[PDB]
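Read on for two forms of one protein chain; each stands alone as structure tokens, with the labels structure 1 and structure 2.
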Structure 1
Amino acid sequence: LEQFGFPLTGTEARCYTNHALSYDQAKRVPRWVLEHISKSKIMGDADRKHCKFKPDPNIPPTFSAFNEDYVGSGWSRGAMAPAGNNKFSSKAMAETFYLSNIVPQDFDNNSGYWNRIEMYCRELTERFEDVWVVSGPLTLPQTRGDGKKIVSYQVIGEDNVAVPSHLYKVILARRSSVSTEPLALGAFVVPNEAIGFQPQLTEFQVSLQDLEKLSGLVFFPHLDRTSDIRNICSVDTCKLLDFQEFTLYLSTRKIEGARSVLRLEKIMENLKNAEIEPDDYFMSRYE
């Protein structure tokens, strides 16, 4: 037949401590990243200050990306499987810093709208027992003034790492293992750019048949497309943290300044459109 072997596409599913991915060796980015989060996963003392980005040892160095392709590129290192969903295990969080989970993402988008969607996925664990999330990059076309549709994206670094125009996220949530309740599903596609608090998450929702036709993937193939599957934005709220709750959450976590910056935190919070904190706030214990 053909004994020298078929060409290796390199799209083998690679499982880790808490996430699995399929690599795009031509774009140096993942095709899709799948993870499972529960009430137990997001709880833990594993800190991300000990972990830093490094290439995946299992990815062959010919197709692996590196930090040289990201540092001065004007783009951020955006993880698809977030470190916040792996607080229980230091090994699982450390594997999320492999560049086989990273895509070039806008700074404000990574820290803003995409960070709010990741928090909403963690918030769904407070209403569902098991939540599956599929995240990945996209490079969608654009219709020009002459009717011609053209795909165009950017590559950065010596290893041409593709910079996606849009990002997609697929959320599948199960209420309880001991329950006949139907499942909730939602597919969202957001552009890789800074987004404020005006557009709701429902404004970026698309049908699953349209995302599969766009990304060329088939999500959750072991699932039957019966009438049982319900939209996640009807069973749940699909609302992200507004300006108040988000700024209050960030100010609660940034409380470890350990200096006069502690008072500068309430300063920025005070002029931040009148907001107050209910818990124990800056219990300053400074010599």
Structure 2
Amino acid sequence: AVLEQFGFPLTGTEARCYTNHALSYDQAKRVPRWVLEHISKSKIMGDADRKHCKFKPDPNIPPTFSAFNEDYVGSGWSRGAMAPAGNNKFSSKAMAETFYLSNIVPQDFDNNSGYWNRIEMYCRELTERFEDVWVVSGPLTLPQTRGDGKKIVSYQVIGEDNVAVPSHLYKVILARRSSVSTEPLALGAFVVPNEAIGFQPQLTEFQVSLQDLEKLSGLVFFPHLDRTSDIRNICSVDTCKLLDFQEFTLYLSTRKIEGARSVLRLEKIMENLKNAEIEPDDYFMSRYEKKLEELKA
């Protein structure tokens, strides 16, 4: 009728498809509401290198509602990708699209480089055991209850564009053994506080029911999912075991080997590795000698 003569207000929440992920953008907060990615063992292999990528505004987002690097730099918060670059080694285009700020939230540096990175590495590990893995990640601004029962949502906004800093990050993991497998699906929802987290807390300490997360986020995840199909807790069908300090430090050092462009850096890697722990079994020396061998050329 005449009510829509000049159109309904636009919220800009429609799904946006990229090479290897999709997202819904929150124009008021300058961050994604959710970012959906599909992981398989083929996608996490390849020569795509993030050194040739740089954060930038998503051109498909109206500049009025876009975040800009000026909002993050100097803010005290790191640019935290929801769809990580590590899941897009198969395509330079796919990886570069993860560096769109439409995929980024203000994230604690330690959290970004530590616990959240470890969760991301677990999702990649799942592809060694499940043919297909679906992951939805996004930010949350949860309330905190005072001693008198009053509940308050408090979160910082940074930059000229007031980019919302989430209090928590969520991750919903859906895994299917194989296309023909009559085995149940594995499902897990996790909510992590946007702060430094050590190596003591297991991932199950941050596990929540999907229903609780849907009430906290206002989102319905995987709506096409058959509610009577056998779905099991991913931490019962699998391990939900993140890497401990020793494995984590070794994996970082191994990745640093493959990128060592000089021999002097190769020595620094070993010095950092060896102190204050770690003798590499089964595997860091085999790749250390190989890179040392080639670099002599």
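Here, a residue number simply tells you its place in the sequence of structure 1, counted from 1. Whichever C-alpha set is largest while still superposing within 1.5 Å between the two forms counts as the rigid core.
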query	finding
Conformational change between structures 1 and 2, one of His50, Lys39, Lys54, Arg259, C-alpha moving 2 Å or more after core fit	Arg259
Core-superposed C-alpha of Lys272 shifting 2 Å or more between structures 1 and 2	yes
C-alpha positional change at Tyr281 between structures 1 and 2 - rigid core reference, Å	7.5
Displacement in Å of the C-alpha of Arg225 between structures 1 and 2, rigid core kept as reference	2.0
